[PDB]
Amino acid sequence: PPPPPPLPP
Amino acid sequence: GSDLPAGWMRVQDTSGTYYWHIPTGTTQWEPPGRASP
């Protein structure tokens with residue numbers, strides 16, 4: 001799968 | 001289960017479970033959010 005996403009602001 | 005709309009899966013990481021919408025490549029931390037679950 002794609003990597004973990006960043007945390008939103 | 002399942003509480004996910006079609007096209008979504010949970011993905012395991014050390015930092016937590018995230019949500020991946022395979023058809024669009026979308027990834028997010030919040031449960032989807034499509035749907036319909």
# chains A, B, ... in the order shown; residues from 1 in each chain; ligands from 1
$ interface_residues --of "chain B" --to "chain A" --cutoff "9 Å" --atoms "only C-alpha atoms" --output "JSON, numbers by chain"
{"B": [11, 12, 13, 15, 16, 17, 18, 19, 20, 22, 25, 27, 28, 29]}
$ write_last_selection --atoms "C-alpha atoms" --output "PDB file, in the first residue's frame"
ATOM      1  CA  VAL B  11      -3.682  -0.353   6.417  1.00  0.00           C
ATOM      2  CA  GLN B  12      -1.460  -1.214   9.369  1.00  0.00           C
ATOM      3  CA  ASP B  13       1.445   0.973  10.349  1.00  0.00           C
ATOM      4  CA  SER B  15       1.936   4.710  13.961  1.00  0.00           C
ATOM      5  CA  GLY B  16      -1.632   3.494  13.640  1.00  0.00           C
ATOM      6  CA  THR B  17      -4.237   2.256  11.179  1.00  0.00           C
ATOM      7  CA  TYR B  18      -4.937   4.462   8.168  1.00  0.00           C
ATOM      8  CA  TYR B  19      -7.492   4.246   5.408  1.00  0.00           C
ATOM      9  CA  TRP B  20      -6.681   3.720   1.781  1.00  0.00           C
ATOM     10  CA  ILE B  22      -7.619   1.978  -3.755  1.00  0.00           C
ATOM     11  CA  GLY B  25      -4.988   6.478  -4.123  1.00  0.00           C
ATOM     12  CA  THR B  27      -5.041   7.943   2.162  1.00  0.00           C
ATOM     13  CA  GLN B  28      -6.273   9.459   5.397  1.00  0.00           C
ATOM     14  CA  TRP B  29      -6.340   8.873   9.153  1.00  0.00           C
TER      15      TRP B  29
END
$ residues_around --residues "residue B:36" --least-positions-apart "5" --cutoff "10 Å" --atoms "only C-alpha atoms" --output "list in words"
residues 3, 4, 5 and 6 of chain B
$ write_last_selection --atoms "N, CA and C atoms" --output "PDB file, in the first residue's frame"
ATOM      1  N   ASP B   3     -17.390  -1.805   8.288  1.00  0.00           N
ATOM      2  CA  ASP B   3     -17.836  -0.444   8.402  1.00  0.00           C
ATOM      3  C   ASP B   3     -17.248   0.433   7.301  1.00  0.00           C
ATOM      4  N   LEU B   4     -16.643  -0.168   6.268  1.00  0.00           N
ATOM      5  CA  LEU B   4     -15.992   0.630   5.239  1.00  0.00           C
ATOM      6  C   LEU B   4     -16.784   0.561   3.953  1.00  0.00           C
ATOM      7  N   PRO B   5     -16.954   1.689   3.271  1.00  0.00           N
ATOM      8  CA  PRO B   5     -17.521   1.597   1.938  1.00  0.00           C
ATOM      9  C   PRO B   5     -16.602   0.823   0.987  1.00  0.00           C
ATOM     10  N   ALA B   6     -17.177   0.277  -0.072  1.00  0.00           N
ATOM     11  CA  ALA B   6     -16.417  -0.409  -1.074  1.00  0.00           C
ATOM     12  C   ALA B   6     -15.336   0.534  -1.600  1.00  0.00           C
TER      13      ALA B   6
END
